[PDB]
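Enquirer: no sequence on this one, just coordinates:
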DNA sequence: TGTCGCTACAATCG
DNA sequence: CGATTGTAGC
Ligand SMILES: Nc1nc2c(ncn2[C@H]2C[C@H](O)[C@@H](COP(=O)(O)OP(=O)(O)OP(=O)(O)O)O2)c(=O)[nH]1
Ligand SMILES: [Mg+2]
């Protein structure tokens, strides 16, 4: 009678169906010898409200204090007589519950007795500010049914569920294979210690041609790859895809090439030529229904792909739109709007993975468009078809098949990127750690994950969680650096998980820090038991430590090593975001005093460590909120390591959980400013043999907002400065290289690609005020004017500052590279680069170096020394 | 409909 | 000078 299934996504419609949540997942059907998508409707999720009684009765209007003691009997009588009649609530179940509370609502005791009241989700919702003669507050009035279910049944991310006495639906309500109705949340349980089942992953790439008549994007191809047994706890399979399907349509006026049919048949692929976009969309929807993918992946799926798909479905009136998801509906959610919430609801029951968001979360790249990710992750080159060539492709079989195969290659690259970053396993792991829904986790962001983590933690410890909400304080301390060049050994000491460690050691928690509704609250007494937040953050830190230790295993596959590094960084960021969300104004758990206390203790710790190291008769030259740089004044590495161990032990002696470890040994250092230095990190090889690896932090060479020519010049200069060559030879080599680069720029022998400057966007190009014209925004608008996919917020734009004869400011002469390659009146501003891209960077680098100055750099580049 | 924290340098505009 | 926008660093 039981019903065991693995739930992946949950969908709730607060308005359409009240108190009903649909869970989509996998169920093993023995006859089919495979898992099949199943949908479970958990109905009758009653809404719970906790009432906090007063100590004495109070007149509602007079604001008096009668003095009659208030017991739960009076609270129940009041709710039965006044509130129930006033708000039209017919049936409700009331019980007395002892619950704890430590959050930001004044006059709420730490522990007290509450009157938990439950009634049907169809009944009206009580106001958030409800008060009465017998109670001073009502909680959980606006709690979502999904949240109530998840916290009541202690479901934490995807996992196996056991359903008791399931019933069958009168008529189908989902596009899945198996359906079941649960009449009460009590019938759903969690079963642990079982492997996740393989899921279906469908990677789709589409090619569209815009109609300038109506500025609407029409789809002309959809190449999709599917794998039916993609694991969620193992390595990605090779090849990542099992089968595929391609659909190719024609425009409104154009016609197919002469022998398109014969060439397509000879191609031997699952190509379906759809006469009209209506048929193409119908075929795609039928294919999605047949495959029933659980994880649909793509690039810009949330911003471009799904929005275009739904818009064209609406325009062409393709009947069964809801097949894009897993529920049966009739009215499509309104498109547009911020985020992909409309798209997510349209694809309800299917986990949408946007490798753009995932890549932004996991790795750092100069640009996040598909070509850059392909070049960086897969080390492959992607061929991009201009939209004009897509329009002109419908004139010969060869070009049309090339376009379709390019769409296929884009889909394959998307799947390869998803597998390489290990996005799905990481999403599953983080969702299990946090306890929220997987789709939200893959949507990006750290606030919701931490919010659900703390919801689960506090709920399990008999706490009333706060209702969902309907440079403020000082931060880390950066020591003043001793700018210069150090050719001896610099020893870097860095704390491990400094803020998590502070929270653990000093017992900083909602239940221990006595706040008051900008003064730093006092530290909690050492007698108190560990709070909820220290426990959760300790678990996170321990998981990260386990991953790091697993990384140290010798003879590890480099790809597996990089995956472990990404996982460790993700766990570090999860703990740090747990810290940060204390200082988030819109967060559910805003506890600014706690964040201020954490940062204040961090500053105190750094100051104390600096004082200790200085008291050891050692030189301290830098430090950023958890670290110290020490000038050992030694040339032997063994002594450096011995001193590092000694000082680390001495510092650690003063703490219970905080630990200081040797971050790295720099053979040479070039400390320029705060958060700006270059070093030759030393990684010993064995038997006294060490290998030196360069390391730049914060310099302009490691910023996407500088031309690659400037980056190359600065890298060469830094390499020379950090080398062991005599100083005179270093200066001579710098002069020679600068002269060569000046000659190359003057003679136009530099590649054009080296002139690009990359700047991202924060708002849409339209939303930028008329603050003159920031270069990138300028080019951004041009890109939108032309007939191509638009550039939205958070999109990198590469522009080249070029001469146009305008006698205008450089910032107002920014142009796209294609513009330069096309127009005959635009030329690269050689002087601009030699004077404001190469000279500034090298001049900043060579400030602490004797023999090089701004005038000399200007002279060597062929420029005029006067102005500089 | 969501949206982690703060410190610091840098180029540009008013 | 101060304000903005952007990109690093913890
Ligand atoms: N809120 C927030 N705080 C951060 C972030 N990055 C660093 N911090 C803060 C909190 C960290 O405890 C502190 C020290 O920076 P680190 O980069 O050295 O990280 P941490 O020491 O926590 O760990 P680790 O050195 O990798 O063992 O800086 C972040 O992304 N968000
Ligand atoms: Mg650290």
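Expert: Looks like it came in fine. Numbering: from 1, shown residues only, chains lettered A, B, ... in the order given. Ligands and ions are numbered 1, 2, ... in the order given.
Enquirer: give the next helix or strand downstream of the helix or strand harbouring residue A:745.
Expert: Element membership of residue A:745 [criterion: DSSP states H and E] is helix A:727-746. Scanning forward in sequence from helix A:727-746 by DSSP H and E, the next helix or strand is strand A:757-759.
Enquirer: for that following strand, the distance to its chain's centre please.
Expert: 22 Å (CA atoms, centre = their mean, to the nearest Å).
Enquirer: can you list the strands that that strand pairs with?
Expert: According to DSSP bridges, strand A:757-759 has the following sheet partners: strand A:797-803 (antiparallel).
Enquirer: residues making contact with the strand it pairs with?
Expert: Strand A:797-803 is contacted by residues A:367, A:752, A:755-761, A:775-776, A:778-780, A:783, A:791, A:810-811, A:813-817, A:819-820, A:826-829, A:832-833 when judged by CB atoms under 8 Å, 6 or more residues apart in numbering. All C-beta atoms are positioned from the backbone trio N, CA, C, and that covers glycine.
Enquirer: tell me, how many neighbours does the residue nearest to residue A:472 when sequence neighbours are not counted end up with?
Expert: Spatial nearest neighbour of residue A:472, chain neighbours left out: residue A:592 (6.2 Å); criterion: CB to CB, 6 or more residues apart in numbering. Look at residue A:592: counted by other CB atoms under 10 Å, it has 16 neighbours.
Enquirer: same check on residue A:482?
Expert: Neighbour number of residue A:482 under other CB under 10 Å is 14.
Enquirer: same question for residue A:354.
Expert: That count, for residue A:354 with other CB under 10 Å as the rule, works out to 26.
Enquirer: contacting residues for it?
Expert: A:297, A:298, A:299, A:300, A:301, A:302, A:303, A:340, A:442.
Enquirer: if we go to 10 Å?
Expert: A:296-306, A:340, A:343, A:360, A:414, A:423, A:442-444 (CB atoms under 10 Å, 6 or more residues apart in numbering).
Enquirer: phi and psi next, for residue A:804.
Expert: Main-chain torsions, residue A:804, degrees, to the nearest 10: phi -130, psi 10.
Enquirer: so it makes contact with residue A:829?
Expert: Yes: Residue A:804 lies in contact with residue A:829 (CB atoms under 10 Å); the separation is 9.3 Å.
Enquirer: which of the two has more neighbours?
Expert: residue A:829 (19 against 16).
Enquirer: and for the nearest residue to that one once chain neighbours are set aside, the neighbour number?
Expert: Using CB to CB, 6+ apart and skipping residues adjacent in sequence, the residue nearest residue A:829 is residue A:803, 4.9 Å away. By other CB under 10 Å, the residues close to residue A:803 number 17.
Enquirer: check residue A:60 too.
Expert: Neighbours of residue A:60 (other CB under 10 Å): 10.
Enquirer: helix or strand for it, just tell me which one.
Expert: Counting by DSSP H and E, residue A:60 is part of no helix or strand.
Enquirer: what do you get for residue A:247?
Expert: strand A:243-249.
Enquirer: after that strand, which helix or strand is next? Please name it.
Expert: helix A:260-267.
Enquirer: flag every buried residue along that following helix.
Expert: A:260, A:263, A:264 (16 or more other CB atoms under 10 Å).
Enquirer: distance to residue A:518 for the residues you listed - can I get that in a markdown table?
Expert: Listed next are the buried residues of helix A:260-267 as a markdown table, based on distance: CB to CB, whole Å:
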| residue | distance to residue A:518 |
| --- | --- |
| A:260 | 71 |
| A:263 | 72 |
| A:264 | 70 |
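Enquirer: kindly reformat those as a markdown table containing distance to DNA strand B.
Expert: Formatted as a markdown table, the buried residues of helix A:260-267 follow (distance: CB to the nearest atom of the strand, whole Å):
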| residue | distance to DNA strand B |
| --- | --- |
| A:260 | 43 |
| A:263 | 46 |
| A:264 | 43 |
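Enquirer: list residues touching both of residue A:804 and residue A:829?
Expert: residue A:813.
Enquirer: which residue sits closest to residue A:519, ignoring its sequence neighbours?
Expert: residue A:593 is the one closest to residue A:519 (CB to CB, 6+ apart), at 7.9 Å.
Enquirer: neighbours around that neighbour, how many?
Expert: 22.
Enquirer: how about it, what does it touch?
Expert: A:104, A:473, A:508, A:513-521, A:582-583.
Enquirer: which SS class is residue A:217?
Expert: What DSSP: H, G, I helix; E, B strand; the rest coil gives for residue A:217 is strand.
Enquirer: partners of it in the sheet?
Expert: With DSSP bridges as the rule, residue A:217 is bridged to residue A:210.
Enquirer: in contact with it, which residues?
Expert: Residue A:217 neighbours (CB under 10 Å, 6+ apart): A:206, A:208-211, A:304, A:307-309, A:311-312, A:789-790.
Enquirer: returning to what we had before: show me just the buried residues among the contacts of strand A:797-803.
Expert: If we count by 16+ other CB under 10 Å, the contacts of strand A:797-803 have these buried: A:367, A:755-759, A:761, A:775-776, A:778-780, A:783, A:791, A:810, A:813-817, A:819-820, A:826, A:828-829, A:832-833.
Enquirer: hang on, residue A:563 in a helix?
Expert: Yes: counting by three-state DSSP, one finds residue A:563 located in a helix.
Enquirer: distance of it relative to residue A:507?
Expert: Note on residue A:563: its distance to residue A:507, by CB to CB, to the nearest Å, is 35 Å.
Enquirer: spell out which residues of the stretch 751-868 of chain A are next to ligand 2.
Expert: Within the stretch 751-868 of chain A, no position lies close to ligand 2 (CB under 5 Å from the ion).
Enquirer: cool, the stretch 351-500 of chain A as well?
Expert: Going by CB under 5 Å from the ion, the residues of the stretch 351-500 of chain A near ligand 2 are A:494, A:495.
Enquirer: please enumerate the helices of the stretch 351-500 of chain A.
Expert: A:355-362, A:370-373, A:387-392, A:397-421, A:423-434, A:438-442, A:447-460, A:498-506 (DSSP state H, counting those that start in this stretch).
Enquirer: again with the stretch 651-800 of chain A
Expert: A:708-722, A:727-746, A:775-785.
Enquirer: coming back round to it: what residues of the helix holding residue A:745 count as buried?
Expert: A:730, A:731, A:733, A:734, A:735, A:737, A:738, A:741, A:742, A:745.
Enquirer: of those residues, closest to residue A:240?
Expert: Comparing the buried residues of helix A:727-746 against residue A:240 with CB to CB places residue A:741 closest, at 43.1 Å.
Enquirer: got the end-to-end distance for stretch A:318-327?
Expert: 17 Å (CA to CA, to the nearest Å).
Enquirer: and the strand holding residue A:247 with helix A:397-421, angle?
Expert: Strand A:243-249 and helix A:397-421 are oriented at 140 degrees to each other (axes from the mean of the first three to the mean of the last three CA atoms, to 10 degrees).
Enquirer: and strand A:243-249 with helix A:260-267, angle?
Expert: Using the same axes, to 10 degrees: strand A:243-249 against helix A:260-267 is 170 degrees.
Enquirer: show me what strand A:243-249 pairs with in its sheet, parallel or antiparallel.
Expert: With DSSP bridges as the test, strand A:243-249 pairs up with strand A:216-230 (antiparallel), strand A:271-274 (parallel).
Enquirer: what residues of it count as buried?
Expert: Neighbour-count burial for strand A:243-249 [16+ other CB under 10 Å]: A:244, A:245, A:246, A:247, A:248, A:249.
Enquirer: ok, residue A:865 - contacts?
Expert: Per CB under 10 Å, 6+ apart, neighbours of residue A:865: A:853, A:854, A:855, A:856, A:857, A:858, A:859.
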